[PDB]
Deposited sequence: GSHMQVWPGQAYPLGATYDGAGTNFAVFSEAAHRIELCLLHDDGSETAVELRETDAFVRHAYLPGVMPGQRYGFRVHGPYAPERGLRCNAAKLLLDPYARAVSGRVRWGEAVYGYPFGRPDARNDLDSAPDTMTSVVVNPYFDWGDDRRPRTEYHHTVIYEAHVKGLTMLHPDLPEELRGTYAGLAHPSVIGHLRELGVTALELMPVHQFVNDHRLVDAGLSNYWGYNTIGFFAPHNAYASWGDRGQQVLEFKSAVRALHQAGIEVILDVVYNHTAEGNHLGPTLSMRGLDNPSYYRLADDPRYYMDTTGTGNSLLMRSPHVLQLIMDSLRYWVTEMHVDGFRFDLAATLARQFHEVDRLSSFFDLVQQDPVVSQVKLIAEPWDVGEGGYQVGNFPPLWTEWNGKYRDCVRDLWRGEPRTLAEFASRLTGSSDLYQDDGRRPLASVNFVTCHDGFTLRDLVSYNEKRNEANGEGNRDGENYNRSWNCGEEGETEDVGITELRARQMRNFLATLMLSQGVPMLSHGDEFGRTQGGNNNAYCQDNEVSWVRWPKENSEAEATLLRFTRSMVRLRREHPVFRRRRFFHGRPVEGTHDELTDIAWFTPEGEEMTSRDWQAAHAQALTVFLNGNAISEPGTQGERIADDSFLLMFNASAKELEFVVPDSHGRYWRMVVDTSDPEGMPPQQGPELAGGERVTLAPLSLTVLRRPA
């Protein structure tokens, strides 16, 4: 069987039309065998003899897309030195473009014998692991254009690929819960009409169903257990797992771009599915353990800075190269538009590589900072302080107004000194972590007993109010207050400076029963129920529309304040400008903000001045009715455009005209917006 020396680059299996180049890195390896799997369970093994800077490689003529392959590394098994090579284990190609199968849990997938953690286990793992597959790279994108929606026009919608469409009645059964279902015109239509410009997907890199969850009757639903950083998770594909999942994902991106929607991927580079020293041996632990993972003071064991078993070695050059090769691959070959990272001196070279890379540095780079306000000036960040503060406003925490004013206006205290814009602030009321929007107005405390960890998992301080009853209620008064509270949250988010993120299904009032950490619930707890929910839907679409049609809510600069033209002003509910004393009043829970649509200094794309209507934002988060006074001349008139006290949705319902100096009564825990054209 013909074997040529081939190329050390690129890494992985590269098909050229007549054959396939294989190249895999290990500096611990003594010998590396490429194993070609056949459909009958047999193997043909061929040595990767040619080595260049510890990359072994060979080109194999006649090897074609669809071929299943793996690697066997012959090398030391010395855990006291951090070496865990075990040639009985068929290893996943870290660069695999497609991964087939699933893990069948048993002794074979572990590298140690089932009595002793530091001895060696000799059963062949090949029939019980996932396997890499050679991919044909061809895909006709036609006129595919990346939307390149600027941040001040962005609305992010975080969605789970399976849960978003698992119960959608317009889709055929085999598209439901799949990548292809994302391409369905009904799903794309709903995202379009919501005003969504960026679909952020929960992890789509090939991950593993944790043995712990499988053994407990659960499954890894969210996917924060990556094993394949180049392969789209095969369980979300209905077209098949031998390359077809690549085709599926690409056609989903292509359909979303035809609708003008960006694809952002949640990517999890901080750990892998191989876990701690008692986890399985599937790819990197068997390839080169000290080069990939951060090892403890005792090299037998793994630094676990996240709770997820292990930690990638961020100073290691082939870890950095893999991460970058992966980001470039998802942008350049999968046509995604950005990334959401959790990197829970060590990150310095990583940040250096991101910043200078001409492909990656130009996509949307969104960070989970957990480090709030400390990512480099090209990163935007999830603003958890925004979430906690807005949650505090509407639950009545009694000194929130001063901080809420900052969060409402882009959190300058967090980003201005770094040299960023308010658009660095990704604001959100809910996400996949914690309560859904409806559970947040319905539960004081989390209900995660179905996750099998004794209610020890998930956030303990939810900053939530059940509105008078824990859980589901018959009371129409509670039900209506809950519905307004949800409107308060959604409206606060769409009227805030920064970049707003919505959590899939919140536009429908999705509930998880008070489960605030549903990572392991691949069932009706989490799946979107497609459709009272018509008032919430109408209210959300119109709130997104208001934001889209008024630039003063989405400025590129921080508000200037009063110069010693005024672009923003703060008033008491009785209509007097607010003093420094006013900000500390203990039961200060109400406020009027004036936003001056005549005072937007940022030019538009061709240098033109940007003009807008002006607004009055009246917040009552006391538990009582309050009279507000429109601060203005008695002859100037203001149109009420938002009133979250309206049970039918204002918007889209439109409101009365108000004269300056005229009193208006706001219901407890309510928001009203007025719109004088100026």
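For this chain, the deposited residues without C-alpha positions form the stretches 1-3, 348-357, 384-390, 552-556, 590-595, given in sequence order.
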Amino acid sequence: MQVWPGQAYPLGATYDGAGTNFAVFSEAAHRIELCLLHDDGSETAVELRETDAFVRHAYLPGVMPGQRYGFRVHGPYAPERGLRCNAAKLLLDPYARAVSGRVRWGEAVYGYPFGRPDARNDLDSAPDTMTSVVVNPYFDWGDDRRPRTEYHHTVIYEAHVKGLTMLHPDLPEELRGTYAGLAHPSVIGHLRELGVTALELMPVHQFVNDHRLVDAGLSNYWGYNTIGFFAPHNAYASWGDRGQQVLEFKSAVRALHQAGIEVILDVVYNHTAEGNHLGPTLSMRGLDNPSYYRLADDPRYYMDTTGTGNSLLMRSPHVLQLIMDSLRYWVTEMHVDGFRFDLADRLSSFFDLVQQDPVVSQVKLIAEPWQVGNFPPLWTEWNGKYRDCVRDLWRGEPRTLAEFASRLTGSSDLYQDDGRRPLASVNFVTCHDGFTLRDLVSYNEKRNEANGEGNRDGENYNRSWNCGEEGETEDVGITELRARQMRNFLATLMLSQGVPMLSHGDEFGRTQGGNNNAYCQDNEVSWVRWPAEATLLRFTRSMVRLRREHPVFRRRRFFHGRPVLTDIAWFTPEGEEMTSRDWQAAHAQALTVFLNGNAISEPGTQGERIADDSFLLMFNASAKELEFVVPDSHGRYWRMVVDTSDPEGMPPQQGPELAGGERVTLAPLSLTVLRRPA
From here on, numbers count along this sequence of modelled residues.
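Relative to one another, 44-52 and 606-614 have unequal mean CA B-factors, and 606-614 is the one with the higher figure.
Legend: mean Cα B-factor per stretch from the PDB entry, 512-520 versus 571-579; the higher mean is in 571-579.
Residue set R562, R328, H318, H205: peak C-alpha B-factor at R562 (per PDB entry). Each of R102, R81, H190, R484 has a CA temperature factor in the record; the biggest one is found at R81.
Among the modelled residues of the chain, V629 sits in the highest third by CA temperature factor in this PDB entry. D298 sits in the lowest third of its chain by CA B factor, as recorded in the PDB entry. Remark: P113 belongs to the highest third of its chain, ranked by C-alpha B-factor as recorded.
When the modelled residues of the chain are ordered by C-alpha B-factor, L669 sits in the middle third. In the PDB entry, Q67 places in the lowest third of its chain by CA B-factor.
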